[PDB]
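The chain below stands alone, shown as structure tokens; this is the form deposited in one PDB entry.
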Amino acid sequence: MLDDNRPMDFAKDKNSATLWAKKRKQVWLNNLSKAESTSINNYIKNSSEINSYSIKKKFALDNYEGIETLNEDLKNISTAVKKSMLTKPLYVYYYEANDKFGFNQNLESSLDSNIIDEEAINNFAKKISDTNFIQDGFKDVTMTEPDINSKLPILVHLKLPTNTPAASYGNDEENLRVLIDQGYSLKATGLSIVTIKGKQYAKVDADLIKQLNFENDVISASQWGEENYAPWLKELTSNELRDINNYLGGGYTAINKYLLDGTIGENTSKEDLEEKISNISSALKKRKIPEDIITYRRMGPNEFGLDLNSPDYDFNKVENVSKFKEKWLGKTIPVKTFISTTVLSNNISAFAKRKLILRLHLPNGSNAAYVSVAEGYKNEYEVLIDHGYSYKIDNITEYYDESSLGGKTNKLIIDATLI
């Protein structure tokens, strides 16, 4: 009933927005447990901290103890907002920075700050296409088109679909916000210029979408792998099973080295390497990825032309992160190797100090397989991708890995799309 008297979009009608928000906010708060009420209050005070913590937690090693009251806040805010699901779509609004679209060109004209640069917004149009922008943490937004200046260049007009957990909350009863649950992504649906208080903003129309992304959920991940690739495993030829297992047991070193630049160990031959590559690649064409999925990879510095001791690889310094972002944002990188990925975001002990974390949109139809169906229960939840694809670099987002075992260093989350 709480959506019976409202449009999908309040537009500029703040009075109708407030009437709607006040009623559902009251119902919602009374349905919260004490723990949920506390965590929502914690979000009002410490939202930046909670959202930043959620990133550290999802990319940490398994033995990460973390901060127990923030662990509680992550759980309780999520169960809280799930008590307030929309019954019809709701359009929402927020100003946004360049960085959240992986865009590093100024959209302001050089000659007039009120005016958007035509060439920049043309490049922006290409950059936001063909991309699902993962939204980390919880996202809070406003109900009406802002009537105030922003230092930010972009206005997002975001369509939340029916059944989105989206709770009315906040301390200003006349400007109540909307708190969106974790786990969503943004998909642009249109681009235009909007003028607000005499100044032009790039207006991104977008849908809120939910991509399959297991993060730390080992139970769901292994179930998905079993369901979708147990038959794949049984139908492998003997050689395909053999050379898949060779690769996964340590043959990757020689196989991917050869695919990268033709290196041949002394005791092997080109023809034996070609054979293994042919059987693995044939196996990976047998069952295309059945739905869009996010997978992960702890990447070594050579995958971006860097060496372990390169000064440019020290992301603890600001200028190196800026250099890396300038070099790779928006680029397409061909990948000659097979790509070993995992459906879990957890850091991996053998790779704990690698500083580059691939977060890969792996499309429906990709030649890849959940290969861990073959191993025993000590497995790494792996999706192996065929050689010869490319990465489209969508975003680069730093976070600080404080852990001794992680290397006490900034690391870069590289959001990419497989092409």
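Rigid core: the largest C-alpha set superposing within 1.5 Å between the two forms. Numbering starts at 1 and follows the sequence shown.
In what follows, reference is made to the form deposited in another entry, a form of this protein that is not presented.
For the residue set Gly265, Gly190, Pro334, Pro231, core-aligned C-alpha shifts between this form and the one not shown reach 2 angstroms or more at a single site, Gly265. Fitting the two forms on the rigid core leaves the C-alpha of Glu49 displaced by under 2 angstroms between this form and the one not shown. Annotation: Cα of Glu375 displaced by at least 2 Å between this form and the one not shown, core superposition.
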